[PDB]
Amino acid sequence: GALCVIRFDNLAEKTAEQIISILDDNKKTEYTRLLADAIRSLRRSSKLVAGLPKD
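Observations regarding the overall build of the chain
Part 1 of the argument: Per the secondary structure count, the chain includes 2 helices and 0 strands.
Part 2 of the argument: Here the C-alpha atoms of the chain give a radius of gyration of 22 Å, more than 25% beyond the 10 Å that 2.2 N^0.38 yields for 55 residues.
Part 3 of the argument: For the C-alpha atoms alone, the extent of the chain along its principal axes is close to 70 × 25 × 20 Å.
Part 4 of the argument: For the chain, the residues scored as buried account for 2% of the 55 residues in total.
Part 5 of the argument: Carbon and sulfur atoms provide 58% of the accessible area of the chain, an area that totals close to 6,000 Å².
Part 6 of the argument: Charged side chains of the chain number 10 positive and 8 negative; the gap between the two group centres comes to 8 Å.

Concerning the environment of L23
Part 1 of the argument: Examined against the element boundaries, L23 turns out to sit in helix α1 (residues 12-25).
Part 2 of the argument: When near neighbours in sequence (up to four residues on either side) are disregarded, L23 contacts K28, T29, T32 and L35.

Here's the deal with a nonpolar patch on the surface
Part 1 of the argument: On the surface, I19, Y31, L34, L35 and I39 cluster together to form a nonpolar patch covering roughly 460 Å² of accessible area.
Part 2 of the argument: Topologically, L34 is positioned in helix α2 (residues 32-42).

Criteria and thresholds
- Residues numbered from 1 in each chain as written, not as in the entry; some residues may be left out.
- Part of a larger assembly, values for the part shown.
- Heavy atoms only, no water.
- Helix = DSSP H or I, 4+ residues; strand = E, 2+ residues; numbered from the N terminus.
- Rg over C-alpha atoms; globule rule 2.2 N^0.38 Å.
- Buried < 20%, exposed > 50% of the residue type's maximum accessible area, 1.4 Å probe, protein only.
- Areas by Shrake-Rupley, 256 points an atom, 1.4 Å probe, with all protein chains shown as cover.
- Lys, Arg positive; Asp, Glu negative; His and termini not counted.
- Charge placed at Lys NZ, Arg CZ, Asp CG, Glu CD.
- Contact = heavy atoms within 4.5 Å.
- Patch = residues over 30% accessible without salt bridge, like charges linked within 9 Å, V, L, I, M, F, W, Y side chains within 5 Å.
- Salt bridge = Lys/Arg side-chain N within 4 Å of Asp/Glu carboxyl O.

By themselves these figures say nothing about function.
Next up, the structure:
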């Protein structure tokens with residue numbers, strides 16, 4: 001099924017549980033889907049963490 005030539009001679013798990021514990025220690029648990037989407041959007045480059053917004 002291909003062309004041929006024939007010739008003869010862990011770091012994500014603990015950070016995830018940290019963030020889950022932070023969200024469950026407070027009453028902000030409906031913000032989990034949005035956090036997942038925002039981080040998978042941060043996936044693009046590493047220079048987007050220093051430019052996160054403020055209020």
